[PDB]
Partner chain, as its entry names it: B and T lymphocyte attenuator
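Next comes just one chain, in structure tokens: the form solved without the partner chain.
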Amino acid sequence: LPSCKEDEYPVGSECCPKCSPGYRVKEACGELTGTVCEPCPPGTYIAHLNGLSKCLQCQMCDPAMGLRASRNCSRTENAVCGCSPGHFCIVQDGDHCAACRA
């Protein structure tokens, strides 16, 4: 097929190796240089091999909403929010809590 391998992504007619989770493309590969990947900036993440120039925005856990980061945001994993201690969940959105009351 014309498509690139799993490990790789298209840059016009080329296929370039992908960045590891935690990193984004700064320079596309060519004849003389490989893919140059930089770590996701503070506040963003990517859980997968990718060929993107940007990372995804991490989930904020707003303490004004009674929330605390139950898992911090890291280069390879979104933040997970839970209730601050002494607060209880007042709105559940699927498998996560969106707001807590004292």
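Positions refer to the first chain, counted from 1. C-alpha atoms forming the largest set that superposes within 1.5 Å between two forms make up the rigid core.
As for the form deposited with the partner chain bound, it is not shown, yet the points below apply to it.
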{"item": "Contact label in the deposited complex: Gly82 to the partner chain, heavy atom within 4.5 Å", "value": "no"}
{"item": "is_contact(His87, the partner chain) in the deposited complex, heavy atom dist at most 4.5 Å", "value": "no"}
{"item": "Touches the partner chain in the deposited complex: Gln92 (any heavy atom, 4.5 Å)", "value": "no"}
{"item": "is_contact(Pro63, the partner chain) in the deposited complex, heavy atom dist at most 4.5 Å", "value": "no"}
{"item": "Per-residue C-alpha change between this form and the one not shown, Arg24, threshold 2 Å, rigid core fit", "value": "no"}
{"item": "Core-superposed comparison between this form and the one not shown, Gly86 Cα displacement 2 Å or beyond", "value": "yes"}
